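For reference, the structure is listed below as structure tokens.
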Amino acid sequence: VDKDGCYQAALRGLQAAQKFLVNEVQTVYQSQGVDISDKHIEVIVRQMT
């Protein structure tokens, strides 16, 4: 937040949270043999973040 701008810091934090959430939802769905494309999950993760 202080080494860079507040906007860039918010962008990096939300990007890390988005990557974590997308990867975990995708690996739980892949644990059961269910194939869902990444765009379907990250539309909803975009609405969350």
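Derivation of every value follows stated rules applied to the coordinates shown; laboratory data play no part. As a convention, Cβ positions derive from the backbone with ideal geometry for all residues, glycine included, and neighbour counts pool all protein chains shown.
Structural remarks
- Criterion (surrounded by fewer than 11 Cβ atoms within 10 Å (Cβ to Cβ), assigned to a helix (DSSP H, G or I), under 12 Å from the mean Cα position of the chain (by Cα) and at negative phi) met by exactly one of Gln47, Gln18, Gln26: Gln47
- All positions within segment 29-44 that are outside any helix (DSSP H, G or I) and β-branched (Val, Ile, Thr): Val34, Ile36
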